[PDB]
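**Student:** There's a structure below that I have some questions on.
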Amino acid sequence: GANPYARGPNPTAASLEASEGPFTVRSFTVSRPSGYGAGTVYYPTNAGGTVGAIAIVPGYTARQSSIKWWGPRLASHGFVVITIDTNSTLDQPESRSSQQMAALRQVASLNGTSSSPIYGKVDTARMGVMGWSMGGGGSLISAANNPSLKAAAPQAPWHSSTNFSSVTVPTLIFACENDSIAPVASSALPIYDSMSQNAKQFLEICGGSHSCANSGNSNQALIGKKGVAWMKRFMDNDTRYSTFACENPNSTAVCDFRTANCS
């Protein structure tokens with residue numbers, strides 16, 4: 001019958017490109033981070049049902065600031081989002097993946113903690129992973145190791161290996177055309193091309209530096225639309241979002257677009 005995971009009003013381009021989704025968002029600092037450095041949890045106060053959870057990790061040297069904009073953007077569409085600082089700013093992808101999963105674990109913990117703002121707000125069976133650069137590579141490692149994850153949407157990813165052929169999780173890769181740190185041709189695009197078993201998408205931002213999908217980027221309408229659409233489609237099984245998730249967007253800002261096995 002009806003999709004039990006559908007939340008919020010029917011989407012439009014305008015509603016997805018807006019700064020804010022339909023739900024009101026609040027946030028808190030994690031009191032006692034369990035297996036990672038620090039965290040902020042963003043959550044909808046008025047979603048109308050339990051929602052999935054997404055953990056987001058920065059890149060090398062970076063902190064929550066780099067990725068913070070996703071917290072309100074996703075949460076306002078009906079997700080609990082945790083942004084983390086790693087135990088060390090110099091942690092590598094494998095460690096970042098462990099920490100990202102520890103953050104998802106702690107969101108599950110807090111969903112069961114009566115004092116927490118997110119008590120009973122999370123569907124702990126529906127989780128997703130995002131992150132920047134090494135944190136993007138960490139997201140792909142998370143997905144490879146935990147195939148029950150429902151979606152992955154890393155940005156400007158890097159890992160020491162580009163072979164993510166084992167990933168069966170729906171994966172959207174944001175890439176940055178002019179990336180000097182993790183060049184698209186040797187990092188993001190090979191990673192994309194390695195994935196053969198999944199729904200997948202590649203979206204490269206014209207003229208973008210390595211930080212082109214970070215807080216303060218000038219393409220929040222497009223990037224935020226795609227990130228929310230992908231997560232809605234795959235974490236919520238919400239086919240209202242199938243066209244937004246799968247389409248080549250009509251944007252001046254897109255300089256490479258690829259997708260496979262999308263529905």
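Ordered as shown in the structure tokens, chains take letters A, B, and onward, while each chain numbers its residues from 1 and ligands are numbered from 1 in the order shown.
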Can you write out as JSON lines which residues of range 120-153 of chain A fall within 6 Å of range 50-60 of chain A, alongside each residue's closest atom pair and its distance in Å to one decimal, counting only C-alpha atoms and ordering rows by chain and ascending residue number?
**Tutor:**
{"residue": "A:121", "atom": "CA", "partner": "A:50", "partner_atom": "CA", "distance": 4.8}
{"residue": "A:122", "atom": "CA", "partner": "A:50", "partner_atom": "CA", "distance": 4.9}
{"residue": "A:123", "atom": "CA", "partner": "A:52", "partner_atom": "CA", "distance": 5.2}
{"residue": "A:126", "atom": "CA", "partner": "A:52", "partner_atom": "CA", "distance": 4.8}
{"residue": "A:127", "atom": "CA", "partner": "A:53", "partner_atom": "CA", "distance": 4.8}
{"residue": "A:128", "atom": "CA", "partner": "A:54", "partner_atom": "CA", "distance": 4.5}
{"residue": "A:129", "atom": "CA", "partner": "A:55", "partner_atom": "CA", "distance": 5.2}
{"residue": "A:130", "atom": "CA", "partner": "A:56", "partner_atom": "CA", "distance": 4.7}
{"residue": "A:131", "atom": "CA", "partner": "A:57", "partner_atom": "CA", "distance": 4.4}
{"residue": "A:132", "atom": "CA", "partner": "A:58", "partner_atom": "CA", "distance": 5.0}
{"residue": "A:133", "atom": "CA", "partner": "A:59", "partner_atom": "CA", "distance": 5.0}
{"residue": "A:134", "atom": "CA", "partner": "A:59", "partner_atom": "CA", "distance": 4.9}
{"residue": "A:135", "atom": "CA", "partner": "A:57", "partner_atom": "CA", "distance": 4.9}
**Student:** Please provide the set of residues having any atom within 9 Å of residue 241 in chain A, restricted to only C-alpha atoms, with same-chain residues fewer than 4 positions apart removed, written as a ChimeraX atom specification.
**Tutor:** /A:10-11,229-230,232-233,237,245-246
**Student:** Write to file, as a PDB file, in the first residue's frame, the residues of the selection just made, with N, CA and C atoms.
**Tutor:**
ATOM      1  N   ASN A  10       4.693  16.777  -1.274  1.00  0.00           N
ATOM      2  CA  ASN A  10       5.252  16.380  -2.553  1.00  0.00           C
ATOM      3  C   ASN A  10       6.306  17.372  -3.014  1.00  0.00           C
ATOM      4  N   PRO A  11       7.473  16.883  -3.504  1.00  0.00           N
ATOM      5  CA  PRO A  11       8.556  17.793  -3.844  1.00  0.00           C
ATOM      6  C   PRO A  11       8.370  18.534  -5.163  1.00  0.00           C
ATOM      7  N   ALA A 229      17.418  14.732  -2.684  1.00  0.00           N
ATOM      8  CA  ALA A 229      16.643  13.836  -3.530  1.00  0.00           C
ATOM      9  C   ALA A 229      17.190  12.415  -3.442  1.00  0.00           C
ATOM     10  N   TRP A 230      18.515  12.273  -3.475  1.00  0.00           N
ATOM     11  CA  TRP A 230      19.144  10.965  -3.433  1.00  0.00           C
ATOM     12  C   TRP A 230      18.816  10.259  -2.114  1.00  0.00           C
ATOM     13  N   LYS A 232      16.306  10.939  -0.035  1.00  0.00           N
ATOM     14  CA  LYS A 232      14.897  10.635   0.057  1.00  0.00           C
ATOM     15  C   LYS A 232      14.561   9.389  -0.766  1.00  0.00           C
ATOM     16  N   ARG A 233      15.079   9.341  -1.995  1.00  0.00           N
ATOM     17  CA  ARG A 233      14.760   8.215  -2.854  1.00  0.00           C
ATOM     18  C   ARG A 233      15.191   6.895  -2.246  1.00  0.00           C
ATOM     19  N   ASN A 237      12.919   5.085   0.353  1.00  0.00           N
ATOM     20  CA  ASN A 237      12.296   4.360  -0.753  1.00  0.00           C
ATOM     21  C   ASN A 237      11.276   5.272  -1.427  1.00  0.00           C
ATOM     22  N   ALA A 245      16.123  12.407  -8.316  1.00  0.00           N
ATOM     23  CA  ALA A 245      17.314  11.594  -8.047  1.00  0.00           C
ATOM     24  C   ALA A 245      18.032  11.179  -9.311  1.00  0.00           C
ATOM     25  N   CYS A 246      17.299  10.752 -10.320  1.00  0.00           N
ATOM     26  CA  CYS A 246      17.932  10.150 -11.462  1.00  0.00           C
ATOM     27  C   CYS A 246      18.230  11.107 -12.594  1.00  0.00           C
TER      28      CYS A 246
END
**Student:** Give me, as a ChimeraX atom specification, the residues of range 95-218 of chain A that a backbone DSSP run labels alpha helix (DSSP H).
**Tutor:** /A:95-111,134-145,188-194
**Student:** Compile the contact shell of range 173-178 of chain A as a tab-separated table (two decimals) with C-alpha atoms, in the first residue's frame: residues with an atom at most 12 Å away, counting only C-alpha atoms, same-chain residues fewer than 5 positions apart removed.
**Tutor:**
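This went into part.tsv:
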chain	number	residue	atom	x	y	z
A	129	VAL	CA	26.72	8.15	4.93
A	130	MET	CA	28.30	11.34	3.53
A	131	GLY	CA	31.60	13.11	3.80
A	132	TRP	CA	34.35	15.16	2.18
A	133	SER	CA	37.59	13.87	0.61
A	136	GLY	CA	34.11	10.66	1.38
A	137	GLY	CA	36.44	7.72	0.95
A	139	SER	CA	31.81	6.86	3.47
A	140	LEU	CA	32.47	4.43	0.60
A	151	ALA	CA	22.49	5.48	0.65
A	152	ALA	CA	25.90	7.12	0.32
A	153	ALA	CA	26.62	10.63	-1.06
A	154	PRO	CA	30.31	11.52	-0.66
A	155	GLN	CA	31.85	14.72	-2.02
A	156	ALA	CA	35.26	15.10	-3.67
A	157	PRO	CA	36.12	11.63	-2.37
A	158	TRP	CA	39.54	10.19	-2.05
A	183	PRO	CA	41.80	15.34	-9.13
A	184	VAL	CA	38.57	14.03	-10.62
A	185	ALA	CA	40.40	12.01	-13.24
A	186	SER	CA	42.43	10.04	-10.68
A	187	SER	CA	40.01	9.97	-7.70
A	188	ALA	CA	36.25	10.64	-8.02
A	189	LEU	CA	35.75	9.38	-11.60
A	190	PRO	CA	37.72	6.10	-11.11
A	191	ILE	CA	35.79	5.50	-7.90
A	192	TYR	CA	32.54	6.02	-9.77
A	193	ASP	CA	33.59	3.78	-12.63
A	195	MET	CA	30.99	0.52	-8.94
A	199	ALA	CA	22.40	2.60	-8.39
A	200	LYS	CA	24.99	5.32	-8.83
A	201	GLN	CA	25.45	8.89	-10.01
A	202	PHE	CA	28.27	11.30	-10.71
A	203	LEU	CA	27.81	15.04	-10.59
A	204	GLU	CA	30.79	17.35	-11.21
A	205	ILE	CA	30.52	21.07	-10.47
A	206	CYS	CA	31.95	23.39	-13.11
A	207	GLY	CA	34.99	25.32	-12.03
A	208	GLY	CA	34.86	23.80	-8.54
A	209	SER	CA	37.86	23.68	-6.20
A	210	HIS	CA	38.22	20.80	-3.78
A	211	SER	CA	35.80	22.58	-1.41
A	212	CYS	CA	33.01	23.05	-4.00
A	213	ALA	CA	30.39	21.10	-1.96
A	214	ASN	CA	31.40	22.50	1.43
A	217	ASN	CA	29.53	27.01	-1.61
A	219	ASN	CA	25.72	25.99	-5.63
A	222	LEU	CA	21.72	22.35	-7.01
A	223	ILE	CA	23.92	20.37	-4.63
A	224	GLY	CA	21.33	20.44	-1.87
A	226	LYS	CA	20.54	16.41	-5.45
A	227	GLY	CA	21.73	15.34	-1.97
A	230	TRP	CA	19.14	10.97	-3.43
A	253	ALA	CA	26.98	24.41	-12.98
A	254	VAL	CA	27.19	20.77	-14.12
A	255	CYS	CA	30.30	19.91	-16.14
A	256	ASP	CA	30.12	16.09	-15.89
A	257	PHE	CA	27.01	14.00	-15.29
A	258	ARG	CA	26.75	10.20	-15.28
A	259	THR	CA	24.20	7.78	-13.81
**Student:** From a DSSP calculation on the backbone, collect every residue of range 9-248 of chain A in strand (DSSP E or B) and output the set as a PyMOL selection string.
**Tutor:** chain A and resi 25-29+38-44+51-57+80-85+122-132+151-152+155+171-176+200-205
**Student:** Since we have the selection now, will you write its residues out, keeping C-alpha atoms, as a PDB file, in the first residue's frame?
**Tutor:**
ATOM      1  CA  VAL A  25      15.244  21.943  12.766  1.00  0.00           C
ATOM      2  CA  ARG A  26      16.992  21.994  16.145  1.00  0.00           C
ATOM      3  CA  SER A  27      20.448  20.767  17.115  1.00  0.00           C
ATOM      4  CA  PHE A  28      22.585  19.742  20.046  1.00  0.00           C
ATOM      5  CA  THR A  29      26.211  18.947  20.797  1.00  0.00           C
ATOM      6  CA  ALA A  38      32.895  15.453  18.662  1.00  0.00           C
ATOM      7  CA  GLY A  39      29.471  15.696  17.097  1.00  0.00           C
ATOM      8  CA  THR A  40      26.475  17.872  16.418  1.00  0.00           C
ATOM      9  CA  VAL A  41      23.054  16.270  15.872  1.00  0.00           C
ATOM     10  CA  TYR A  42      20.482  18.084  13.699  1.00  0.00           C
ATOM     11  CA  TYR A  43      16.901  16.857  13.815  1.00  0.00           C
ATOM     12  CA  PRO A  44      13.379  17.792  12.668  1.00  0.00           C
ATOM     13  CA  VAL A  51      13.221   9.304  10.100  1.00  0.00           C
ATOM     14  CA  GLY A  52      16.492   7.845   8.932  1.00  0.00           C
ATOM     15  CA  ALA A  53      19.917   8.984  10.149  1.00  0.00           C
ATOM     16  CA  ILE A  54      22.928  10.246   8.184  1.00  0.00           C
ATOM     17  CA  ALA A  55      26.550  10.604   9.464  1.00  0.00           C
ATOM     18  CA  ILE A  56      28.864  13.109   7.798  1.00  0.00           C
ATOM     19  CA  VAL A  57      32.658  13.272   8.123  1.00  0.00           C
ATOM     20  CA  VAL A  80      18.515  13.063  11.764  1.00  0.00           C
ATOM     21  CA  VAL A  81      22.024  14.206  10.734  1.00  0.00           C
ATOM     22  CA  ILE A  82      25.197  13.935  12.794  1.00  0.00           C
ATOM     23  CA  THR A  83      28.263  15.917  11.703  1.00  0.00           C
ATOM     24  CA  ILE A  84      31.501  14.819  13.349  1.00  0.00           C
ATOM     25  CA  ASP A  85      34.962  15.867  14.212  1.00  0.00           C
ATOM     26  CA  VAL A 122      14.940   7.711  14.477  1.00  0.00           C
ATOM     27  CA  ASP A 123      14.316   4.605  12.419  1.00  0.00           C
ATOM     28  CA  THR A 124      17.609   2.927  13.202  1.00  0.00           C
ATOM     29  CA  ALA A 125      17.189   0.472  10.326  1.00  0.00           C
ATOM     30  CA  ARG A 126      17.534   3.329   7.776  1.00  0.00           C
ATOM     31  CA  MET A 127      20.950   5.017   7.673  1.00  0.00           C
ATOM     32  CA  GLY A 128      23.195   6.840   5.228  1.00  0.00           C
ATOM     33  CA  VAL A 129      26.720   8.152   4.928  1.00  0.00           C
ATOM     34  CA  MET A 130      28.305  11.340   3.531  1.00  0.00           C
ATOM     35  CA  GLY A 131      31.605  13.115   3.805  1.00  0.00           C
ATOM     36  CA  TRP A 132      34.348  15.160   2.179  1.00  0.00           C
ATOM     37  CA  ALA A 151      22.486   5.483   0.647  1.00  0.00           C
ATOM     38  CA  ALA A 152      25.901   7.125   0.321  1.00  0.00           C
ATOM     39  CA  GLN A 155      31.847  14.721  -2.019  1.00  0.00           C
ATOM     40  CA  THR A 171      25.879   6.028  -4.233  1.00  0.00           C
ATOM     41  CA  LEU A 172      25.918   9.640  -5.491  1.00  0.00           C
ATOM     42  CA  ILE A 173      29.405  11.097  -5.996  1.00  0.00           C
ATOM     43  CA  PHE A 174      29.767  14.882  -5.991  1.00  0.00           C
ATOM     44  CA  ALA A 175      32.950  15.976  -7.736  1.00  0.00           C
ATOM     45  CA  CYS A 176      34.668  19.331  -8.282  1.00  0.00           C
ATOM     46  CA  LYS A 200      24.985   5.324  -8.832  1.00  0.00           C
ATOM     47  CA  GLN A 201      25.448   8.894 -10.013  1.00  0.00           C
ATOM     48  CA  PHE A 202      28.270  11.296 -10.714  1.00  0.00           C
ATOM     49  CA  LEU A 203      27.813  15.044 -10.589  1.00  0.00           C
ATOM     50  CA  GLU A 204      30.791  17.353 -11.212  1.00  0.00           C
ATOM     51  CA  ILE A 205      30.518  21.065 -10.472  1.00  0.00           C
TER      52      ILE A 205
END
**Student:** Write out as number ranges by chain the residues lying within 10 Å of residue 3 in chain A, counting only C-alpha atoms and excluding same-chain residues fewer than 6 positions away.
**Tutor:** A: 236-239
**Student:** For CA of residue 47 in chain A and CA of residue 15 in chain A, determine how far apart the two atoms are, in Å to one decimal place.
**Tutor:** 15.9 Å
**Student:** Do a neighbour search on range 100-109 of chain A at 6 Å with only C-alpha atoms, toss out local chain neighbours closer than 2 positions, and write the hits as a PyMOL selection string.
**Tutor:** chain A and resi 35+55+97-98+111-112+124
**Student:** Could you check the closest approach to residue 69 in chain A for each of A:87, A:19, A:45, A:99 and tell me which residue wins, using only C-alpha atoms?
**Tutor:** A:19
**Student:** Env of residue 146 in chain A: 10 Å cut, atoms = only C-alpha atoms, seq-sep filter 2 positions within chain, self excluded. Answer as a list in words.
**Tutor:** residues 101, 140, 141, 142, 143, 144, 148, 149, 150, 167, 168 and 169 of chain A
**Student:** Store the residues picked out above, limited to N, CA and C atoms, as a compact mmCIF listing (two decimals), in the first residue's frame.
**Tutor:**
# COMPACT_ATOMS: atom_id res chain seq x y z
N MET A 101 30.70 5.23 11.50
CA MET A 101 29.78 4.18 11.92
C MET A 101 29.53 4.25 13.43
N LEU A 140 32.51 5.54 1.56
CA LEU A 140 32.47 4.43 0.60
C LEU A 140 32.94 3.14 1.29
N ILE A 141 33.96 3.24 2.17
CA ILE A 141 34.39 2.12 2.97
C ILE A 141 33.23 1.70 3.89
N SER A 142 32.55 2.67 4.54
CA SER A 142 31.39 2.34 5.35
C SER A 142 30.37 1.54 4.57
N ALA A 143 30.06 2.00 3.36
CA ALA A 143 29.06 1.34 2.54
C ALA A 143 29.51 -0.06 2.16
N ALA A 144 30.78 -0.19 1.72
CA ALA A 144 31.32 -1.51 1.38
C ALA A 144 31.21 -2.49 2.53
N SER A 148 23.85 -2.85 4.52
CA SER A 148 22.51 -2.49 4.94
C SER A 148 22.30 -0.98 4.94
N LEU A 149 23.39 -0.22 4.85
CA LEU A 149 23.23 1.20 4.65
C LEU A 149 22.38 1.45 3.40
N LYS A 150 21.57 2.50 3.46
CA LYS A 150 20.56 2.71 2.43
C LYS A 150 21.03 3.67 1.35
N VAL A 167 30.70 -2.27 -3.56
CA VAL A 167 29.61 -1.47 -2.98
C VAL A 167 28.28 -1.75 -3.67
N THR A 168 27.28 -2.12 -2.87
CA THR A 168 25.94 -2.39 -3.38
C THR A 168 24.93 -1.33 -2.95
N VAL A 169 25.38 -0.34 -2.20
CA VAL A 169 24.56 0.73 -1.68
C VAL A 169 24.39 1.81 -2.75
**Student:** Can you measure CA of residue 61 in chain A to CA of residue 20 in chain A for me? One decimal in Å is fine.
**Tutor:**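 Taking CA of residue 61 in chain A as the start and CA of residue 20 in chain A as the end point, the length is 28.7 Å.
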**Student:** What's the separation between CA of residue 21 in chain A and CA of residue 74 in chain A, in Å to one decimal place?
**Tutor:** 7.8 Å
**Student:** Using only C-alpha atoms, can you tell me which of A:32, A:7, A:96, A:63 comes closest to residue 79 in chain A?
**Tutor:**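 Closest residue, counting only C-alpha atoms: A:7.
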